[PDB]
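Peer 1: Here we go, the starting part of the complex in its complex frame:
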Amino acid sequence: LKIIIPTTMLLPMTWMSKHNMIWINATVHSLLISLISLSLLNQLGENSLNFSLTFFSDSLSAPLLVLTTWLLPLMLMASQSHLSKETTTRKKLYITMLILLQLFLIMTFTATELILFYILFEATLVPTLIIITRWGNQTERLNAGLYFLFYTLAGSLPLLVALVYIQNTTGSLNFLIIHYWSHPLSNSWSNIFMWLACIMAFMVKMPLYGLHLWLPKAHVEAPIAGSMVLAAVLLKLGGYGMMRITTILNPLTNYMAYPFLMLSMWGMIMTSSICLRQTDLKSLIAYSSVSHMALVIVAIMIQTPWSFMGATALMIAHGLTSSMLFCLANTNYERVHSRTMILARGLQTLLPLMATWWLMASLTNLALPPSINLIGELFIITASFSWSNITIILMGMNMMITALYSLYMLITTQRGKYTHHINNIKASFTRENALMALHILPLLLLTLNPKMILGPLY
Amino acid sequence: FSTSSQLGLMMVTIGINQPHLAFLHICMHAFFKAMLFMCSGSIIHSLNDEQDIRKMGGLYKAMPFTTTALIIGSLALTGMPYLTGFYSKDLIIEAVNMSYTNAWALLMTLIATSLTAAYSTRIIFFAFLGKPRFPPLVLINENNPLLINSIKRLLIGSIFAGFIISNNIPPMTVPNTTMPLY
Amino acid sequence: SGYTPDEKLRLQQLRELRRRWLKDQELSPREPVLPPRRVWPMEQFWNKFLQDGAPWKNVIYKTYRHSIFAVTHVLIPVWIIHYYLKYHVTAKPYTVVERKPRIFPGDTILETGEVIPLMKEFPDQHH
Amino acid sequence: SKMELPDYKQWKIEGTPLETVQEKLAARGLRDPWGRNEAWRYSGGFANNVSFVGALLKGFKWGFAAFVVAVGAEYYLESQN
């Protein structure tokens, strides 16, 4: 509760501050609020941290909020490349949307009511389409808003009807109450559609093979600030939802999981294989995000202790790195004014440090040990292998492709021979290099003691 | 390719219940195979970064230090008795052929050893023996002490290690004592 | 059949223009004009006696080099390494586990003192 | 140095094995154009290369004396022991 009021308190901060201090004042208070948020991984044992009637926290939420509260400074300096020429009021309103976005994500994770979660869950949309469409760069950013929002509501709205139905039947949907007052789900045909309605809403904000057309249609054209926040935390909103909603969807989950986890299983190889054949750099991370995001779909579906820990570990780790590759996308895109992969090549001979950030980014996304990507992915494999022995040949074959496209972007952009006619790349400012540093260091130095990241089942 | 051929040979041993003998080969092979690659790296640098045996030749007398290292390095690679290679490779051959194993599977390690010595002669004949087919302008030189000490450090290793690992280690494999002569 | 005159007259134009290009790629004796740096006194008395250059002068230079490298690379590690095991790692049981030395018939134990009886008479196998 | 090149006069196909093809080639009816270009690889100290077995027994000559002193010294040590 002590996080929300200062987060709202940044709303007058940016809107009033002097013409040139708006970003300085916003950057610091976003950095200071990481203090009080950092006291949220501070956690008791199996019992969740319930500090208010309407707000509560646990070891599953705790990594999430500290990610978002940390995240906002990243989009703050990220936007300080192309918002300089805009007017003051537009610049102030950009912070308004980002700060309004924080106020939502910081509150969905703390919500102790299913509807209150859902109200804020889909409330985060309104700040987004403002970011994607108003401050977007390309032409089809207009089609981006329609694809993003309509996909979300088409699944979210049946969830709302499902939630009120549960409200009338059992009486309440408080996350603790449903856990303690659990009831097995009968195999009645009606329960099948209720199960499908409960899950489908989080599936669409969990790019599934087929329900993912808005992934390349939103991330690519979104502004840099909107790109990472939509890929680092927004995709995780469903991840928090499914980890919570599955408490009332058993035993119907196990029999009904086959149509869904398998579609994620086969598509996660397909979507990774998509990255092997791409022409747009920002489309790589978008499709790579789909494959990585679809990996935890299997983990939550098995409802295995190891799978849930691996899901949470990959959830935060993927968000941190996917945001990073979007920053590296921005710097190259800004210098060359194009998103084509094959245009800017041999950049390492010009920007050696930027190549190192590219090296660390693609290598962490490669998920080597001991990085949080690997331990999250490895726990999923072990849980999946216990569920079925054939699972290794599929999800292992993803790691086949996962290493390929991760190095493919590194080789074709940084390595090789520079293209001669590009006379635009200057030396990198201290901004992006610090932005990359603020992305890479928390991931690496979390590796020593990642038990804040595994989750409540740890 | 000789490295990979060596790797196939040593993991055949752990194949037929010879783990420790595979580890015995892990030390000998790391000794002289580094010499063979380092020696080739030395002559590459001297021969104006040329690395095709068709243009080597005649370096037997021009670079004697690398000549001595490769010959005794290759002899260990071929299994010169009482050298680093023999204590592992020929002991391995004495072990694998006399065991319950797959029928032909004993013949690669027999035939490959014949080929193992075969390319060793070819690399000695083409690169060092023969006539000096290299470009007319000679810039070759190996008198830098950094090379001479680097090769020499494993050189006494590639000559004297074989004994100093064979005797000291505790016996951990059944010794092959009685076998036919052939 | 060969160059058609025009291309040649051009190539030598490019040649002399290329002549001047890397005839400007060298460095004057003063460049690089090294900016000043603060200097430690350690190298000052190293060179105060190095100019002689006779054998034992540079030997003790290398002798300190070996020892000064040793203390900061082989002493300060084992200082904290031995602190780490003997007082933190070994303080936690089952962290450092040891092979008990293989006792052979006829050996004696320091604490017990009892000798393990020698194995009985060998079958007297001689070659 | 100023890179003084060896003169051509000291280099001819005669003496080097390059003649062996030449009169065989002259039997066909022509003459080798670059006869003197490869003569350097066959003349001078570059010639009389050791045989393959000769390369193998490099240093074996000193192996004679080294064996005699080593065995003899140990023979004396055992005899006097």
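Peer 2: Noted; the coordinates are in hand. Residues are numbered from 1 along each chain as shown, chains lettered A, B, ... in the order given.
Peer 1: CA atoms for contacts and neighbours, from now on please.
Peer 2: Will do.
Peer 1: Please name the residues that touch whichever residue of chain C sits closest to chain D.
Peer 2: The shortest separation between chain C and chain D is 21.3 Å, found at residue C:23 (distances taken as CA to the nearest CA). Contact analysis of residue C:23 by CA atoms under 8 Å, 6 or more residues apart in numbering or on different chains lists nothing.
Peer 1: Up against chain B, what does chain C have?
Peer 2: Near chain B, no residue belonging to chain C is found when assessed by CA under 8 Å from any CA of the partner chain.
Peer 1: three-state assignment of the residue of chain C closest to chain D?
Peer 2: Reducing the assignment to helix, strand or coil with DSSP: H, G, I helix; E, B strand; the rest coil, the entry for residue C:23 is coil.
Peer 1: how close does it get to chain B?
Peer 2: Residue C:23 sits 26 Å away from chain B when distances are taken as CA to the nearest CA, to the nearest Å.
Peer 1: Could you do residue C:80 as well?
Peer 2: Following CA to the nearest CA, the distance that separates residue C:80 from chain B is 32 Å.
Peer 1: Next: residue D:7.
Peer 2: 14 Å.
Peer 1: what's near enough to touch that residue?
Peer 2: Taking CA under 8 Å, 6+ apart as the definition, residue D:7 has no contacts.
Peer 1: Then it would be within a helix, right?
Peer 2: No: following the definition three-state DSSP, residue D:7 is coil and is not counted among the residues of a helix.
Peer 1: helix, strand or coil for the residue of chain B found nearest chain D?
Peer 2: Taking CA to the nearest CA as the measure, the point where chain B comes nearest chain D is residue B:132, at 5.2 Å. When states are read from three-state DSSP, the local structure at residue B:132 comes out as coil.
Peer 1: Could you tell me how many residues sit around the nearest residue to it once chain neighbours are set aside?
Peer 2: Distance criterion CA to CA, 6 or more residues apart in numbering or on different chains; nearest residue to residue B:132, sequence neighbours excluded, is residue B:58 at 4.1 Å. Burial measure for residue B:58: 24 neighbouring residues, criterion other CA atoms under 10 Å in any protein chain shown.
Peer 1: Tell me if I'm right that residue B:58 and residue B:130 touch.
Peer 2: Yes: proximity of residue B:58 to residue B:130 meets the contact threshold set by CA atoms under 8 Å, at 5.4 Å.
Peer 1: now for chain E, put it on the one above:
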Amino acid sequence: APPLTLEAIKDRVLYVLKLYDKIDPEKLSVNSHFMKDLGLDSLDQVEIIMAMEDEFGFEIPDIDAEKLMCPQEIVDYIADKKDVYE
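Peer 2: Alright, chain E goes in next:
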């Protein structure tokens, strides 16, 4: 490796061309055109350049091979390719 000056490279090409039996070791000249002045033909140029590509280690392209038929212009191309300046 020390670089080869214009005098050195012109001296290096001087040796190989002089060694050629088809030419005569007293008429050789730095500007002497191959096929006319030394009385060569088009199917003598090819063996000249490989004998030039040999002692230098690199390959002049075929597209630049047919026009590479003057000893002074021989060294001009090589000096351009290695940018070796005295």
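Peer 1: please look at the contacts of residue C:23 again, because chain E has been put in.
Peer 2: residue E:85.
Peer 1: change it to 10 Å
Peer 2: With contact taken as CA atoms under 10 Å, 6 or more residues apart in numbering or on different chains, residue C:23 is in contact with C:17, E:85.
Peer 1: any idea how far it lies from residue E:7?
Peer 2: Relative to residue E:7, residue C:23 is positioned 17 Å away (CA to CA, to the nearest Å).
Peer 1: can you list the residues of chain D near chain E?
Peer 2: Residues of chain D that fall close to chain E, judged by CA under 10 Å from any CA of the partner chain: D:2-9, D:11-12, D:31-37.
Peer 1: ok, which residues in chain B are in contact with chain E?
Peer 2: Looking at chain E, the residues of chain B close enough under CA under 10 Å from any CA are B:48, B:50, B:134, B:135, B:136, B:137, B:138, B:139.
Peer 1: what helix or strand does residue A:107 sit in?
Peer 2: The secondary structure element spanning residue A:107 is helix A:88-108 (assigned by DSSP states H and E).
Peer 1: and that helix, which residues are buried?
Peer 2: Counting neighbours by 16 or more other CA atoms under 10 Å in any protein chain shown, one finds that the buried residues in helix A:88-108 are A:88, A:91-108.
Peer 1: Also stretch A:428-438?
Peer 2: With burial defined by 16+ other CA under 10 Å, the residues of stretch A:428-438 counted as buried are A:432, A:433, A:435, A:436, A:438.
Peer 1: Make CSV out of those and add secondary structure and distance to chain C.
Peer 2: Formatted as CSV, the entries for the buried residues of stretch A:428-438 read as follows, by DSSP: H, G, I helix; E, B strand; the rest coil; distance: CA to the nearest CA, whole Å:
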residue, secondary structure, distance to chain C
A:432, helix, 29
A:433, helix, 27
A:435, helix, 31
A:436, helix, 31
A:438, helix, 31
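Peer 1: Pick out whichever of these sits closest to chain E.
Peer 2: Proximity of the buried residues of stretch A:428-438 to chain E was ranked by CA to the nearest CA; the top entry is residue A:433 with 37.7 Å.
Peer 1: related to what we said a few turns ago, and the next element down the chain from the helix holding residue A:107?
Peer 2: Sequence-wise, the next helix or strand beyond helix A:88-108 is helix A:114-123, with elements assigned using DSSP H and E.
Peer 1: what's around residue 5, how many residues?
Peer 2: With no chain named, the answer covers chain A. 10.
Peer 1: hm, I was asking about chain E
Peer 2: Here the number of neighbours of residue E:5 (other CA under 10 Å) works out to 15.
Peer 1: next one is chain F, place it on the structure:
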Amino acid sequence: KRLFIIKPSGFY
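Peer 2: Once chain F is put in with the chains from before, the structure reads:
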């Protein structure tokens, strides 16, 4: 005789 070598600006 040594020549000036071009490098990317490493000061920043």
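Peer 1: Revisit the contacts of residue C:23 given that chain F is now included?
Peer 2: Counting by CA under 10 Å, 6+ apart, residue C:23 touches C:17, E:85, F:3.
Peer 1: The last one: neighbouring residues, count only.
Peer 2: Okay, so that is residue F:3. Residues near residue F:3, counting by other CA under 10 Å: 12.
Peer 1: what do you get for the first one?
Peer 2: Residues contacting residue C:17 under the criterion other CA under 10 Å number 12.
Peer 1: List the contacts of it.
Peer 2: When the contact criterion is CA under 10 Å, 6+ apart, the partners of residue C:17 are C:11, C:23.
Peer 1: separation between residue D:56 and residue A:170?
Peer 2: Looking at residue D:56 against residue A:170, where the rule is CA to CA, the gap reads 92 Å.
Peer 1: And residue C:123, by the same measure?
Peer 2: Per CA to CA, residue C:123 is found 86 Å from residue A:170.
Peer 1: Could you check which of those two has the larger neighbour count?
Peer 2: Ranked by neighbour count (other CA under 10 Å), residue C:123 and residue A:170 place residue A:170 first, with 13 against 6.
Peer 1: Quick one: residues contacting residue C:97.
Peer 2: With contacts defined as CA under 10 Å, 6+ apart, residue C:97 is in contact with residue C:90.
Peer 1: Phi, psi for it please.
Peer 2: Backbone dihedrals for residue C:97, given as degrees, to the nearest 10, come out at phi -120, psi 140.
Peer 1: quick one: it from chain B, how far?
Peer 2: Plainly put, residue C:97 is 21 Å away from chain B if you go by CA to the nearest CA.
Peer 1: Residue A:457 falls within a strand, correct?
Peer 2: No: if the criterion is three-state DSSP, then residue A:457 is coil and not within a strand.
Peer 1: Name all residues that make contact with it.
Peer 2: Residues touching residue A:457, when contacts are defined by CA under 10 Å, 6+ apart, comprise A:46, A:59, A:60, A:304, A:305, A:306, A:307, A:308, A:309.
Peer 1: Leaving out sequence neighbours, find the closest residue to the last one.
Peer 2: The one in question is residue A:309. When the adjacent residues along the chain are set aside, residue A:309 lies closest to residue A:454, with 4.6 Å between them (CA to CA, 6+ apart).
Peer 1: what about the helices in chain E?
Peer 2: Read by DSSP state H, chain E holds these helices, from start to end of the chain: E:6-19, E:34-37, E:42-56, E:71-82.
Peer 1: closest to chain F out of these?
Peer 2: helix E:71-82 (14.1 Å).
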